[PDB]
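>>> missing the sequence, but the structure's below:
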């Protein structure tokens, strides 16, 4: 009756420190459709994150792309924080280049 | 163009 | 060569929080071009691709009317579904619909689709003949008897063979710069030791369109399906897609592994290996 989201955190282009880019969190394979997704910069929630229109795959499971502009550095740590009815506590996935 | 067909369950 | 148009409806009830949300999106292949959201400040069918913006006020008004009618119909359908499954009015439920047409290179109908789900499970589907139905359970059988009595399949067939294909052709022409352009993957192999005698080889494909792709690892020319970690194809956000495939190999055996890449934008399948 319920399916937990798969989560990928990644950049739009290959990361180069000091160069502008897009940070993406793609959540997929979940059901039902209510989901909470935050992009984190050093543990803190990035504001004005945008996301795609709700759609679903051939197996009826939903997917969403959350994204924001960012400029990666060597020190800064980025992550995606996802909550869903299937999750007892928020799952956090760290961005790994 | 979307379907104009009504589908009442 | 071949193309598809697909509309996706999500109708979600939410007891205590107003009327069910209705969200519709339209796609040509892997390119979204319209959206409707009943939760918007002013709900309307709205452009999501540059080549659809040229359509005039009659198009957008007609589509908006159709979407509001559809939203009403599917709110009612959620109410009906409650009765069909002996369910209470306290829970949240979801109806999903996906429908559309596939055409070949010459623009002729390859086949039509109209499939619906309730709470994530198959509910009822139009068969490939576009004249009969497959119901998943006894409730859906009720719906089926209704649609047979009303010859709904005939109307759907008329839409899929007529308007669906015609407008798909039109969209393919207006957006030919993008909808009829395949972007091949940019590919490479990375190598990361995990221990003194094992290493990960990861085969990357980036910036490709459409999303359909095949990435496989072979060891000594044999497919390593069972041993390959394959991530789900993911959108980059610029219309293109990304995917990788990883295999854990014994140190010193890296050259026995080859990555094979198949994509529409490639004249021939690619073979690549780790290049230290």
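Yes, it's here. Residues are numbered from 1 along each chain as shown, chains lettered A, B, ... in the order given.

>>> name the nearest residue to the spatially most central residue of chain A, ignoring sequence neighbours.
Centroid-nearest residue in chain A, with Cα atoms, centre = their mean: residue A:25, separated by 2.2 Å. Leaving aside its chain neighbours, residue A:25 sits nearest to residue A:80 (3.6 Å; criterion: Cβ to Cβ, 6 or more residues apart in numbering or on different chains). For every residue, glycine as well, the C-beta is placed using N, CA and C.

>>> so the residue nearest to the spatial centre of chain B, which of the three states?
Geometric centre of chain B, nearest residue: residue B:5, 2.9 Å, by Cα atoms, centre = their mean. Under DSSP: H, G, I helix; E, B strand; the rest coil, residue B:5 falls in the coil class.

>>> quick check: phi and psi on it?
Residue B:5 adopts backbone torsions of phi -80, psi 120, taken as degrees, to the nearest 10.

>>> please, which helix or strand holds the nearest residue to it once chain neighbours are set aside?
Distances taken as Cβ to Cβ, 6+ apart place residue C:155 nearest to residue B:5, at 4.6 Å, with adjacent residues excluded. Assigned by DSSP states H and E, residue C:155 belongs to helix C:152-159.

>>> again with residue C:169
helix C:165-174.

>>> ok, that helix near chain B or not?
Yes: using Cβ under 8 Å from any Cβ of the partner chain, helix C:165-174 reaches chain B at residue C:167.

>>> flag every buried residue along that helix.
Using 16 or more other Cβ atoms under 10 Å in any protein chain shown as the test for burial, helix C:165-174 gives C:165, C:167, C:168, C:171, C:172, C:174.

>>> just send these back as TSV, with distance to chain A too.
Formatted as TSV, the buried residues of helix C:165-174 follow (distance: Cβ to the nearest Cβ, whole Å):
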residue	distance to chain A
C:165	21
C:167	20
C:168	18
C:171	18
C:172	21
C:174	21
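
>>> farthest pair in these?
Spanning the widest gap among those are C:165 and C:174, at 15.2 Å by Cβ to Cβ.

>>> pull the distance from the longest helix along chain C to the chain's centre.
In chain C, with assignment by DSSP state H, the single longest helix is helix C:57-84. Centre-to-centre, helix C:57-84 and its host chain are 21 Å apart (Cα atoms, centre = their mean, to the nearest Å).

>>> what packs against it?
Applying 3 or more Cβ pairs under 8 Å, 6 or more residues apart in numbering or on different chains; DSSP states H and E, one finds that helix C:57-84 contacts strand C:3-12, strand C:21-28, strand C:31-37, strand C:94-103, helix C:138-149.

>>> swap in 7 Å and give it another go.
On a contact count with 3 or more Cβ pairs under 7 Å, 6 or more residues apart in numbering or on different chains; DSSP states H and E, helix C:57-84 meets strand C:3-12, strand C:21-28, strand C:94-103.

>>> list the contacts of residue C:76.
Taking Cβ atoms under 7 Å, 6 or more residues apart in numbering or on different chains, we find residue C:76 in contact with residue B:8.
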